[PDB]
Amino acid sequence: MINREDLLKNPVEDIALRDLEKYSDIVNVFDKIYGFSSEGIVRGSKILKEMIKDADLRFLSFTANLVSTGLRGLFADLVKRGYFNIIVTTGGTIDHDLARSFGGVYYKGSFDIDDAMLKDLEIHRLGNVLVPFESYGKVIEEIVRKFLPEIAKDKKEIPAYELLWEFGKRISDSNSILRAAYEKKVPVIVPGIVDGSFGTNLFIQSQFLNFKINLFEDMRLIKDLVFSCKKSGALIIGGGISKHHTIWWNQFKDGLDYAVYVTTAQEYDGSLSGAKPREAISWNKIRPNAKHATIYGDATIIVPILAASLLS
């Protein structure tokens, strides 16, 4: 056999923009090569830089699985340094950030290990990242049981974005996305908030507290920010509800003025996740004269490349 302490040897390490500083010229390498994704990378890095300059509403929309990687600390850094000022994500992002902010350690694993051996050892596998049982569900359950009674006493019916600030308020991890968002008053819009460990534990405690969520207030906030901004931009990683919701609300201002999409899904199955910028013209969620770019690749490779370019 292989014992637990062999598997959980090397924790996943969060990175920051500082780790990418010495590679800030790497886009020049792909510009020279110019193979099939280099145009998307070259145009994406330029669109990102222009978005930081000319867009006062800047979206960071991403799927949950990224937050189990070292990219979690990068997104906290990007929020801390003012690159993005609204987040649209999923309940899985809250689970991972809460678990890793309150002592839950994630460990480097492998795709080629026996998964049945993990269930015996009480380890979740996510990609090739190992999440011990007591590092994920135990932590989120403890945190919600501990802090919700005080939060619910203050406000019995609460928008989801305020609830996430309240939990961001109580985080001390400086690599935490929820902490970074709360420190900067950056709203975290999670329409599917009831999905996951955090949402399930909210529901469990709602049986004992006079506590409710009003997602109509999260809708009101994102609606108000979209209407009252001048230009809007987005870095949209992945597909699903967090991509659609970002694109959906920007339709009320004739679309995102700047957009960079990083995805692996393709278009032939008609999914929203794999829908090209030459798909949102029909849904008029992109301006008639706008700068949009799609890069097909793994986020843990493409995103550090794009983010390093921010320091060029």
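Note that residue numbering begins at 1 and tracks the sequence as displayed.
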property	result
Higher-scoring stretch by recorded Cα B factor average, 45-53 or 62-70	45-53
Per the entry, higher mean C-alpha B factor between 25-33 and 283-291	283-291
Residue of maximum C-alpha B factor among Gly168, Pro187, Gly109, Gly91, per deposited coordinates	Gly109
Of the residues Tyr268, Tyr261, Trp249, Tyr258, the one carrying the largest Cα B-factor as recorded	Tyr268
CA B-factor placement of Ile151, once the chain's modelled residues are sorted into thirds	middle
Ranked C-alpha temperature factor of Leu121 among modelled chain residues, by third	highest
Third assignment of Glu183 from its chain's C-alpha B-factors	middle
Ranked C-alpha temperature factor of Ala307 among modelled chain residues, by third	lowest
Among modelled residues of the same chain, the CA temperature factor third for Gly127	highest
